[PDB]
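Participant: The following block contains the structure, expressed as structure tokens.
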Amino acid sequence: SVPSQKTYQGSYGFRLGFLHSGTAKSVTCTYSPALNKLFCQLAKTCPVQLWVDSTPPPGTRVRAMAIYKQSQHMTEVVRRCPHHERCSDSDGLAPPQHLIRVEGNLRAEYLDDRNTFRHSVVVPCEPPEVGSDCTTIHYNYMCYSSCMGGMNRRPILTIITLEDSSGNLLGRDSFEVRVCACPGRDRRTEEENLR
Ligand SMILES: CNCc1ccc2c(c1)c1ccccc1n2CCF
Ligand SMILES: [Zn+2]
């Protein structure tokens with residue numbers, strides 16, 4: 001009915017990482033550690049790092065799913081709004097209803113859950129390239145937080161799960177997301193409000 005959001009490093013020490021992009025007016029994606037919140041523009045690249053302490057088995061996958069943050073909305077499926085689901089911006093793989101896409105990975109799979117109706121996108125867990133210490137997934141968020149008939153100004157969380165080949169839980173992390181026109185200004189405002 002509601003997916004768990006409990007942080008769980010599991011046997012492999014799984015956790016996320018984010019770049020340090022700053023808050024200039026021109027920034028298109030920026031992460032606030034103090035808020036555990038990603039601020040991004042519509043349909044722009046959001047780099048999310050995956051870190052582990054030890055190598056998970058072949059066939060491990062990484063899934064992303066959005067849920068509403070507020071308890072009174074958590075049972076409602078997060079989906080694109082009535083405008084964006086019809087705007088013919090398909091990448092040829094993501095269903096037009098899905099808020100979260102993975103960019104540039106032909107092995108991405110998109111799930112409409114047959115029981116919960118929730119959307120998710122899952123990719124194989126790949127090791128870092130030679131010379132790198134982590135792997136990065138590039139996500140896109142395909143509606144604004146403010147879209148009427150969709151998120152409608154309600155905050156969302158993204159839950160990232162590390163899964164075995166059967167879909168069993170190996171690790172979990174999460175972060176709040178705001179999709180907005182000016183991520184740098186909004187991050188500065190919300191960090192000031194918190195302080
Ligand atoms: C020093 N570098 C550690 C590190 C960081 C991230 C890593 C790995 C190793 C690793 C090894 C095998 C398969 C996937 C792997 N990931 C991605 C999932 F977090
Ligand atoms: Zn929309």
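Residues are named by chain letter and number: chains run A, B, ... in the order of the structure tokens, numbers start at 1 in each chain, and ligands are numbered from 1 in the order shown.
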What residues have any atom no more than 6 Å from ligand 1 when counting only C-alpha atoms and all ligand atoms, and can you list them as JSON, numbers by chain?

Facilitator: {"A": [14, 50, 51, 52, 53, 55, 56, 125, 126, 127, 128, 133, 134, 135]}

Participant: Write a file of the selected residues as a JSON list (two decimals), in the first residue's frame, keeping N, CA, C and O atoms.

Facilitator:
```
[["chain", "number", "residue", "atom", "x", "y", "z"],
["A", 14, "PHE", "N", 25.35, -0.09, 0.86],
["A", 14, "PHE", "CA", 24.78, 0.72, -0.22],
["A", 14, "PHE", "C", 24.34, 2.09, 0.29],
["A", 14, "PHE", "O", 23.64, 2.19, 1.30],
["A", 50, "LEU", "N", 25.95, 5.97, -6.92],
["A", 50, "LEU", "CA", 25.74, 4.77, -6.13],
["A", 50, "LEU", "C", 27.07, 4.33, -5.55],
["A", 50, "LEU", "O", 28.05, 4.16, -6.30],
["A", 51, "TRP", "N", 27.12, 4.16, -4.23],
["A", 51, "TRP", "CA", 28.32, 3.74, -3.52],
["A", 51, "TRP", "C", 28.04, 2.44, -2.79],
["A", 51, "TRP", "O", 26.98, 2.27, -2.18],
["A", 52, "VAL", "N", 29.00, 1.51, -2.85],
["A", 52, "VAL", "CA", 28.95, 0.29, -2.05],
["A", 52, "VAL", "C", 30.34, 0.06, -1.46],
["A", 52, "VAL", "O", 31.35, 0.51, -2.00],
["A", 53, "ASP", "N", 30.37, -0.66, -0.33],
["A", 53, "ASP", "CA", 31.63, -1.07, 0.28],
["A", 53, "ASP", "C", 32.16, -2.37, -0.29],
["A", 53, "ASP", "O", 33.36, -2.65, -0.17],
["A", 55, "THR", "N", 31.29, -5.54, -3.58],
["A", 55, "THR", "CA", 30.65, -5.73, -4.88],
["A", 55, "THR", "C", 29.44, -6.65, -4.74],
["A", 55, "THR", "O", 29.59, -7.80, -4.30],
["A", 56, "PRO", "N", 28.24, -6.21, -5.11],
["A", 56, "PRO", "CA", 27.08, -7.10, -5.05],
["A", 56, "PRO", "C", 27.12, -8.12, -6.18],
["A", 56, "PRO", "O", 27.86, -7.95, -7.16],
["A", 125, "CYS", "N", 22.82, -3.05, -11.85],
["A", 125, "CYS", "CA", 23.85, -2.43, -11.03],
["A", 125, "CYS", "C", 25.20, -2.71, -11.68],
["A", 125, "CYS", "O", 25.64, -3.86, -11.74],
["A", 126, "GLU", "N", 25.83, -1.67, -12.21],
["A", 126, "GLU", "CA", 27.12, -1.89, -12.86],
["A", 126, "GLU", "C", 28.26, -1.36, -12.00],
["A", 126, "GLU", "O", 28.10, -0.41, -11.23],
["A", 127, "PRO", "N", 29.43, -1.99, -12.10],
["A", 127, "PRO", "CA", 30.59, -1.52, -11.34],
["A", 127, "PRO", "C", 31.10, -0.21, -11.90],
["A", 127, "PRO", "O", 30.81, 0.15, -13.05],
["A", 128, "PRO", "N", 31.85, 0.55, -11.10],
["A", 128, "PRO", "CA", 32.45, 1.79, -11.60],
["A", 128, "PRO", "C", 33.36, 1.51, -12.78],
["A", 128, "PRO", "O", 33.96, 0.45, -12.90],
["A", 133, "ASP", "N", 35.44, 5.62, -8.58],
["A", 133, "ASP", "CA", 35.15, 4.98, -7.31],
["A", 133, "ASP", "C", 33.67, 4.71, -7.09],
["A", 133, "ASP", "O", 33.32, 4.08, -6.10],
["A", 134, "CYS", "N", 32.80, 5.17, -7.98],
["A", 134, "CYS", "CA", 31.38, 4.94, -7.84],
["A", 134, "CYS", "C", 30.77, 4.86, -9.23],
["A", 134, "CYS", "O", 31.42, 5.12, -10.24],
["A", 135, "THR", "N", 29.50, 4.48, -9.27],
["A", 135, "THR", "CA", 28.73, 4.48, -10.50],
["A", 135, "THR", "C", 27.68, 5.58, -10.41],
["A", 135, "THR", "O", 27.20, 5.90, -9.32]]
```

Participant: Could I get the residues of stretch 64-178 of chain A with an atom no further than 12 Å from an atom of stretch 27-33 of chain A, each paired with its nearest atom pair and that distance in Å to one decimal, using only C-alpha atoms, sorted by chain and residue number, as a Markdown table?

Facilitator:
```
| residue | atom | partner | partner_atom | distance |
| --- | --- | --- | --- | --- |
| A:138 | CA | A:29 | CA | 11.3 |
| A:139 | CA | A:29 | CA | 10.7 |
| A:140 | CA | A:29 | CA | 10.2 |
| A:141 | CA | A:29 | CA | 10.8 |
| A:174 | CA | A:33 | CA | 12.0 |
| A:175 | CA | A:31 | CA | 9.4 |
| A:176 | CA | A:32 | CA | 9.6 |
| A:177 | CA | A:31 | CA | 9.1 |
| A:178 | CA | A:29 | CA | 10.0 |
```

Participant: What do you get as a PyMOL selection string if you pick all residues at most 7 Å from ligand 2, counting only C-alpha atoms and all ligand atoms?

Facilitator: chain A and resi 80-84+142-144+147+150

Participant: Using only C-alpha atoms, pick whichever of A:88, A:166, A:158, A:97 has the shortest atom-to-atom distance to residue A:64.

Facilitator: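 Smallest distance to residue A:64 is found for A:158.
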
Participant: Taking the DSSP secondary structure from the backbone, can you list the residues of stretch 34-169 of chain A that are strand (DSSP E), as a PyMOL selection string?

Facilitator: chain A and resi 37-40+46-51+61-68+100-102+109-112+119-124+135-141+156-163+169

Participant: Rank nothing, just name the residue among A:91, A:173, A:129, A:109 nearest to residue A:48, using only C-alpha atoms.

Facilitator: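 Using only C-alpha atoms, the shortest distance to residue A:48 belongs to A:173.
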
Participant: What are the closest atom pairs, with distances in Å to one decimal, for each residue of stretch 73-162 of chain A lying within 12 Å of stretch 1-9 of chain A, using only C-alpha atoms, rows by chain and rising residue number, as a Markdown table?

Facilitator:
```
| residue | atom | partner | partner_atom | distance |
| --- | --- | --- | --- | --- |
| A:73 | CA | A:2 | CA | 10.1 |
| A:74 | CA | A:2 | CA | 6.5 |
| A:75 | CA | A:2 | CA | 5.9 |
| A:76 | CA | A:2 | CA | 9.0 |
| A:77 | CA | A:2 | CA | 9.5 |
| A:78 | CA | A:2 | CA | 11.6 |
| A:113 | CA | A:1 | CA | 11.5 |
| A:115 | CA | A:1 | CA | 9.2 |
| A:116 | CA | A:1 | CA | 6.6 |
| A:117 | CA | A:1 | CA | 9.9 |
| A:118 | CA | A:3 | CA | 9.6 |
| A:119 | CA | A:3 | CA | 11.6 |
| A:120 | CA | A:3 | CA | 11.6 |
| A:156 | CA | A:5 | CA | 11.8 |
| A:157 | CA | A:5 | CA | 8.7 |
| A:158 | CA | A:5 | CA | 8.9 |
| A:159 | CA | A:5 | CA | 6.4 |
| A:160 | CA | A:5 | CA | 8.9 |
| A:161 | CA | A:8 | CA | 9.1 |
| A:162 | CA | A:9 | CA | 9.2 |
```

Participant: Could you save the residues just selected, with C-alpha atoms, as a compact mmCIF listing (two decimals), in the first residue's frame?

Facilitator:
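Just written: result_21.txt:
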```
# COMPACT_ATOMS: atom_id res chain seq x y z
CA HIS A 73 -1.17 11.40 0.10
CA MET A 74 1.24 8.44 0.36
CA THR A 75 -1.29 5.92 -0.98
CA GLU A 76 -1.76 7.97 -4.17
CA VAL A 77 0.39 6.85 -7.11
CA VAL A 78 2.85 9.55 -8.21
CA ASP A 113 3.10 -2.73 -10.71
CA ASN A 115 -0.99 -4.86 -7.70
CA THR A 116 -0.10 -1.35 -6.48
CA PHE A 117 -0.15 0.41 -9.89
CA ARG A 118 3.00 2.29 -8.89
CA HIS A 119 5.63 3.19 -11.46
CA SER A 120 9.32 2.47 -11.18
CA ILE A 156 7.67 13.80 -3.24
CA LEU A 157 10.43 11.44 -2.21
CA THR A 158 12.49 9.27 -4.52
CA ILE A 159 13.29 5.85 -3.05
CA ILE A 160 16.31 4.06 -4.53
CA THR A 161 16.47 0.34 -3.79
CA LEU A 162 19.28 -2.11 -4.43
```

Participant: Give me the residues within 9 Å of residue A:185 as a compact mmCIF listing (two decimals) with N, CA and C atoms, in the first residue's frame, counting only C-alpha atoms and dropping any in the same chain fewer than 4 places off.

Facilitator:
```txt
# COMPACT_ATOMS: atom_id res chain seq x y z
N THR A 23 24.46 26.88 -6.03
CA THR A 23 23.12 27.47 -6.08
C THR A 23 23.03 28.68 -7.00
N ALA A 24 23.93 28.79 -7.98
CA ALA A 24 23.84 29.87 -8.96
C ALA A 24 22.50 29.80 -9.70
N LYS A 25 22.04 30.94 -10.17
CA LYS A 25 20.77 31.01 -10.87
C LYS A 25 20.70 30.08 -12.08
N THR A 189 16.45 29.42 -0.69
CA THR A 189 15.31 29.83 0.12
C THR A 189 14.98 28.79 1.18
N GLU A 190 14.91 27.51 0.78
CA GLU A 190 14.52 26.49 1.75
C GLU A 190 15.60 26.26 2.80
```

Participant: Select, from A:47, A:79, A:110, A:132, the residue with the minimum atom-to-atom distance to residue A:94, counting only C-alpha atoms.

Facilitator: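 Nearest to residue A:94: A:110.
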
Participant: Rank nothing, just name the residue among A:181, A:42, A:194, A:65 nearest to residue A:98, using only C-alpha atoms.

Facilitator: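 Counting only C-alpha atoms, the residue closest to residue A:98 is A:65.
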
Participant: Hey, which of A:145, A:90, A:54, A:41 ends up closest to residue A:12? Count only C-alpha atoms.

Facilitator: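 Using only C-alpha atoms, the shortest distance to residue A:12 belongs to A:54.
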